[PDB]
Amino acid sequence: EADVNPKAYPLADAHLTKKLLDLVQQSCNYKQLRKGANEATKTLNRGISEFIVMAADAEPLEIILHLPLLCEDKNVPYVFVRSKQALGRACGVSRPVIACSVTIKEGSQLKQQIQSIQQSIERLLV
């Protein structure tokens, strides 16, 4: 009842989800956020993504499963959070968001937090 698609790998725990959503909110405030699977795709193809966050309850999940494949291509960290409602809430948007991308910005006041999250993600992807 009902959770959670095994294919939504890697999945953040409660503590990491909180960090991710915080940083996604900041990224938004600092103009470093792309909202939406389509725009995420564009960031990856262009090599301007710091990391990708996707929603585990996207239905069907395959509408974003191209992203991990793209990320593997580009050596780019990606993670899943449980709730698209929460991600959209963190994206400063008034509808769910199934995927978003924090973008590379030279001199970003957020370099340190972004770098930190990348490590957090990387250690789940082993």
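Quick note: we count residues from 1 along the sequence shown, nothing fancier.
Enquirer: In terms of the chain's CA B-factor thirds, is residue 39 lowest, middle or highest?
Expert: Lowest third.
Enquirer: Consider only the C-alpha atoms of the modelled residues in this chain, order them by B-factor as the entry records it, and name the third containing residue 93: lowest, middle or highest.
Expert: Highest third of the chain for residue 93's C-alpha B-factor.
Enquirer: In terms of the chain's CA B-factor thirds, is residue 50 lowest, middle or highest?
Expert: Its C-alpha B-factor belongs to the middle third of this chain's values.
Enquirer: Report the third (lowest, middle or highest) to which the CA temperature factor of residue 23 belongs, ranking only the modelled residues of the same chain.
Expert: Middle third, going by the recorded CA B-factors of the chain.
Enquirer: Going by the entry, which third of its chain does the Cα temperature factor of residue 75 land in?
Expert: Answer is highest: the recorded C-alpha B-factor places it there.
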